[PDB]
Every structure is written in C-alpha cells, then in structure tokens.
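Peer 1: File name start.pdb; file contents PDB, C-alpha atoms; full text below.
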```pdb
ATOM      1  CA  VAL V 105      22.392  -0.080  15.367  1.00  0.00           C
ATOM      2  CA  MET V 106      22.089  -2.959  12.886  1.00  0.00           C
ATOM      3  CA  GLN V 107      25.845  -3.050  12.277  1.00  0.00           C
ATOM      4  CA  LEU V 108      26.654  -2.880  16.001  1.00  0.00           C
ATOM      5  CA  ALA V 109      24.830  -6.099  16.920  1.00  0.00           C
ATOM      6  CA  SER V 110      25.796  -8.007  13.757  1.00  0.00           C
ATOM      7  CA  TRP V 111      27.690 -11.258  14.250  1.00  0.00           C
ATOM      8  CA  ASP V 112      29.561 -10.581  11.000  1.00  0.00           C
ATOM      9  CA  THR V 113      30.868  -7.172  12.094  1.00  0.00           C
ATOM     10  CA  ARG V 114      32.339  -8.572  15.315  1.00  0.00           C
ATOM     11  CA  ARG V 115      34.159 -11.272  13.334  1.00  0.00           C
ATOM     12  CA  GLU V 116      35.891  -8.890  10.912  1.00  0.00           C
ATOM     13  CA  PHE V 117      36.970  -6.526  13.703  1.00  0.00           C
ATOM     14  CA  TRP V 118      38.936  -9.096  15.712  1.00  0.00           C
ATOM     15  CA  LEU V 119      40.767 -10.439  12.645  1.00  0.00           C
ATOM     16  CA  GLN V 120      42.496  -7.089  11.993  1.00  0.00           C
ATOM     17  CA  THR V 121      43.495  -6.267  15.589  1.00  0.00           C
ATOM     18  CA  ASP V 122      46.957  -6.793  17.037  1.00  0.00           C
ATOM     19  CA  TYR V 123      45.355  -7.983  20.287  1.00  0.00           C
ATOM     20  CA  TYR V 124      44.145 -11.182  18.595  1.00  0.00           C
ATOM     21  CA  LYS V 125      47.114 -11.754  16.275  1.00  0.00           C
ATOM     22  CA  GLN V 126      49.670 -12.180  19.076  1.00  0.00           C
ATOM     23  CA  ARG V 127      47.433 -14.806  20.735  1.00  0.00           C
ATOM     24  CA  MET V 128      47.461 -17.199  17.761  1.00  0.00           C
ATOM     25  CA  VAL V 129      49.394 -20.364  18.579  1.00  0.00           C
ATOM     26  CA  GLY V 130      49.592 -21.542  14.954  1.00  0.00           C
ATOM     27  CA  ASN V 131      47.200 -24.517  15.079  1.00  0.00           C
ATOM     28  CA  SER V 132      44.193 -24.161  12.786  1.00  0.00           C
ATOM     29  CA  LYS V 133      41.745 -25.856  15.159  1.00  0.00           C
ATOM     30  CA  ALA V 134      42.847 -23.939  18.267  1.00  0.00           C
ATOM     31  CA  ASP V 135      42.601 -20.513  16.613  1.00  0.00           C
ATOM     32  CA  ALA V 136      38.996 -21.099  15.540  1.00  0.00           C
ATOM     33  CA  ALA V 137      38.020 -22.018  19.104  1.00  0.00           C
ATOM     34  CA  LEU V 138      39.786 -18.924  20.458  1.00  0.00           C
ATOM     35  CA  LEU V 139      38.130 -16.612  17.923  1.00  0.00           C
ATOM     36  CA  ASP V 140      34.623 -17.839  18.759  1.00  0.00           C
ATOM     37  CA  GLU V 141      35.233 -17.019  22.427  1.00  0.00           C
ATOM     38  CA  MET V 142      36.176 -13.428  21.571  1.00  0.00           C
ATOM     39  CA  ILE V 143      32.974 -12.862  19.567  1.00  0.00           C
ATOM     40  CA  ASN V 144      30.909 -13.453  22.715  1.00  0.00           C
ATOM     41  CA  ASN V 145      32.928 -10.870  24.674  1.00  0.00           C
ATOM     42  CA  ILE V 146      30.906  -8.045  23.062  1.00  0.00           C
ATOM     43  CA  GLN V 147      27.286  -7.622  24.159  1.00  0.00           C
ATOM     44  CA  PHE V 148      24.609  -5.240  22.880  1.00  0.00           C
ATOM     45  CA  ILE V 149      21.583  -4.307  24.993  1.00  0.00           C
ATOM     46  CA  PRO V 150      18.677  -2.538  23.246  1.00  0.00           C
ATOM     47  CA  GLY V 151      16.987   0.283  25.117  1.00  0.00           C
ATOM     48  CA  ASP V 152      13.396   1.307  25.796  1.00  0.00           C
ATOM     49  CA  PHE V 153      11.952   4.768  25.196  1.00  0.00           C
ATOM     50  CA  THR V 154       9.082   4.198  27.646  1.00  0.00           C
ATOM     51  CA  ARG V 155      11.458   3.898  30.616  1.00  0.00           C
ATOM     52  CA  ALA V 156      13.936   6.410  29.106  1.00  0.00           C
TER      53      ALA V 156
ATOM     54  CA  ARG S 261     -24.982  27.453 -51.690  1.00  0.00           C
ATOM     55  CA  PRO S 262     -21.317  27.293 -52.896  1.00  0.00           C
ATOM     56  CA  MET S 263     -19.342  27.765 -49.666  1.00  0.00           C
ATOM     57  CA  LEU S 264     -21.763  25.363 -47.961  1.00  0.00           C
ATOM     58  CA  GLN S 265     -20.606  22.764 -50.483  1.00  0.00           C
ATOM     59  CA  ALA S 266     -17.035  23.799 -49.661  1.00  0.00           C
ATOM     60  CA  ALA S 267     -17.664  23.172 -45.954  1.00  0.00           C
ATOM     61  CA  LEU S 268     -18.746  19.594 -46.669  1.00  0.00           C
ATOM     62  CA  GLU S 269     -15.631  18.896 -48.750  1.00  0.00           C
ATOM     63  CA  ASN S 270     -13.193  20.342 -46.201  1.00  0.00           C
ATOM     64  CA  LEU S 271     -14.598  18.535 -43.158  1.00  0.00           C
ATOM     65  CA  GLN S 272     -14.839  15.299 -45.170  1.00  0.00           C
ATOM     66  CA  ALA S 273     -11.105  15.298 -45.966  1.00  0.00           C
ATOM     67  CA  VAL S 274      -9.969  16.097 -42.397  1.00  0.00           C
ATOM     68  CA  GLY S 275     -11.631  13.386 -40.319  1.00  0.00           C
ATOM     69  CA  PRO S 276     -12.589  13.211 -36.647  1.00  0.00           C
ATOM     70  CA  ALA S 277     -11.089  15.695 -34.196  1.00  0.00           C
ATOM     71  CA  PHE S 278      -9.001  14.361 -31.307  1.00  0.00           C
ATOM     72  CA  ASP S 279      -8.035  16.058 -28.053  1.00  0.00           C
ATOM     73  CA  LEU S 280      -4.764  16.007 -26.111  1.00  0.00           C
ATOM     74  CA  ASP S 281      -5.760  13.097 -23.857  1.00  0.00           C
ATOM     75  CA  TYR S 282      -6.073  10.778 -26.864  1.00  0.00           C
ATOM     76  CA  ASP S 283      -2.518  11.529 -28.007  1.00  0.00           C
ATOM     77  CA  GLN S 284      -0.957  10.912 -24.584  1.00  0.00           C
ATOM     78  CA  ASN S 285      -2.512   7.440 -24.321  1.00  0.00           C
ATOM     79  CA  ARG S 286      -1.152   6.423 -27.734  1.00  0.00           C
ATOM     80  CA  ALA S 287       2.388   7.446 -26.764  1.00  0.00           C
ATOM     81  CA  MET S 288       2.176   5.467 -23.513  1.00  0.00           C
ATOM     82  CA  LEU S 289       0.760   2.430 -25.334  1.00  0.00           C
ATOM     83  CA  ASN S 290       3.869   2.298 -27.540  1.00  0.00           C
ATOM     84  CA  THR S 291       6.158   1.673 -24.555  1.00  0.00           C
ATOM     85  CA  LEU S 292       3.862  -1.036 -23.173  1.00  0.00           C
ATOM     86  CA  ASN S 293       3.991  -2.846 -26.530  1.00  0.00           C
ATOM     87  CA  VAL S 294       7.774  -3.225 -26.215  1.00  0.00           C
ATOM     88  CA  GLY S 295       7.376  -5.530 -23.222  1.00  0.00           C
ATOM     89  CA  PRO S 296       9.307  -5.906 -19.978  1.00  0.00           C
ATOM     90  CA  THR S 297      12.941  -6.966 -19.729  1.00  0.00           C
ATOM     91  CA  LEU S 298      13.536  -9.933 -17.419  1.00  0.00           C
ATOM     92  CA  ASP S 299      16.935 -10.505 -15.813  1.00  0.00           C
ATOM     93  CA  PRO S 300      17.186 -13.524 -13.481  1.00  0.00           C
ATOM     94  CA  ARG S 301      19.746 -14.272 -10.742  1.00  0.00           C
ATOM     95  CA  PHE S 302      19.201 -11.129  -8.680  1.00  0.00           C
ATOM     96  CA  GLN S 303      19.505 -11.447  -4.911  1.00  0.00           C
ATOM     97  CA  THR S 304      16.463 -11.180  -2.640  1.00  0.00           C
ATOM     98  CA  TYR S 305      18.210 -11.075   0.753  1.00  0.00           C
ATOM     99  CA  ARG S 306      21.332  -9.988   2.594  1.00  0.00           C
ATOM    100  CA  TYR S 307      23.466 -11.619   5.267  1.00  0.00           C
ATOM    101  CA  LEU S 308      23.695 -10.645   8.923  1.00  0.00           C
ATOM    102  CA  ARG S 309      25.553 -13.821   9.954  1.00  0.00           C
ATOM    103  CA  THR S 310      27.298 -15.906   7.308  1.00  0.00           C
ATOM    104  CA  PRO S 311      27.344 -19.677   7.940  1.00  0.00           C
ATOM    105  CA  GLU S 312      30.630 -21.004   9.289  1.00  0.00           C
TER     106      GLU S 312
END
```
Can you give me the file's structure in the form of structure tokens?

Peer 2:
Amino acid sequence: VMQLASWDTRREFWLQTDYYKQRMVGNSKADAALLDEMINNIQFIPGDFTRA
Amino acid sequence: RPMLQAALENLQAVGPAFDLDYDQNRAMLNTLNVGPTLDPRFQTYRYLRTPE
C-alpha cells in the first residue's frame, strides 16, 4: 500500500512507458509540465474496515 | 592432629570458592571494557517524495 500511493513510484513508472515517450515534443520546459499532469491522473483511495 | 594441620594448609593455598554466576559476569565485563564502535553518517530517514 505504501508503494502504491507514493509520489516517487508514479514518477518512475511514466518515464519508462511508451505512452509518455511518444508525447514528448522535445522542449525541456514543456515535457516537465506534461509529466506533472500525468502524475495526478492516478488516485488512491484508502478504505475503511468499519464500513467494509 | 596431623591431618587437621593438613586441612589448614590445603584450604589456605586454594583461596575462596566461586560459583558459576561469578565467572559469567567476568566474561561479560571483558566485552564492555572494549567500548562501543561509533560510525557516523548513517541515514535516519527514507524518501517518499524526492524534492524536484
């Protein structure tokens, strides 16, 4: 569970996927803005055992 | 009379009697006299989100 919600884990995953590599335009500043948007596309919601 | 004199001589040249618990403490005390080994520059944390 700790690795799932980690900001670091989401960053390393996108850098090695072909989905992200074909979307790089070649400008250093633009790629960083694009990458930060992808990190927020994954959301983790913790559960509660009281409500099952 | 004679062997009674012998008893005094034998116990005189032996000394006090020690049990097992005395010997264990002396062996442990030898390690404590060596002293601890101090190595600095060891980490006290780990990263879940590296600064960027």

Peer 1: Given 8 Å on each side, where is the centre and what are the edge lengths in Å to one decimal of the axis-aligned box enclosing the listed atoms of region 268-284 of chain S, as lines of an AutoDock Vina configuration file?

Peer 2:
```
center_x = -9.9
center_y = 15.6
center_z = -36.3
size_x = 33.8
size_y = 25.6
size_z = 40.9
```

Peer 1: Tell me, in Å to one decimal, how far CA of residue 307 (chain S) is from CA of residue 114 (chain V).

Peer 2: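 Atom-to-atom, CA of residue 307 (chain S) to CA of residue 114 (chain V), that is 13.7 Å.
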
Peer 1: Please report, as JSON lines, each residue of chain V lying at most 10 Å from chain S, together with the nearest pair of atoms and the separation in Å rounded to one decimal; use all atoms listed in the file, and order rows by chain and ascending residue number.

Peer 2:
```
{"residue": "V:106", "atom": "CA", "partner": "S:308", "partner_atom": "CA", "distance": 8.8}
{"residue": "V:107", "atom": "CA", "partner": "S:308", "partner_atom": "CA", "distance": 8.6}
{"residue": "V:109", "atom": "CA", "partner": "S:308", "partner_atom": "CA", "distance": 9.3}
{"residue": "V:110", "atom": "CA", "partner": "S:308", "partner_atom": "CA", "distance": 5.9}
{"residue": "V:111", "atom": "CA", "partner": "S:309", "partner_atom": "CA", "distance": 5.4}
{"residue": "V:112", "atom": "CA", "partner": "S:309", "partner_atom": "CA", "distance": 5.3}
{"residue": "V:113", "atom": "CA", "partner": "S:308", "partner_atom": "CA", "distance": 8.6}
{"residue": "V:115", "atom": "CA", "partner": "S:309", "partner_atom": "CA", "distance": 9.6}
```

Peer 1: Would you work out the distance separating CA of residue 150 (chain V) from CA of residue 118 (chain V), expressed in Å to one decimal?

Peer 2: 22.6 Å

Peer 1: Could you tell me, as a PyMOL selection string, which residues have any atom at most 10 Å from (34.2, -10.8, 21.5), counting all atoms listed in the file?

Peer 2: chain V and resi 111+114-115+117-118+138-147

Peer 1: Interatomic distance between CA of residue 136 (chain V) and CA of residue 105 (chain V)?

Peer 2: 26.8 Å
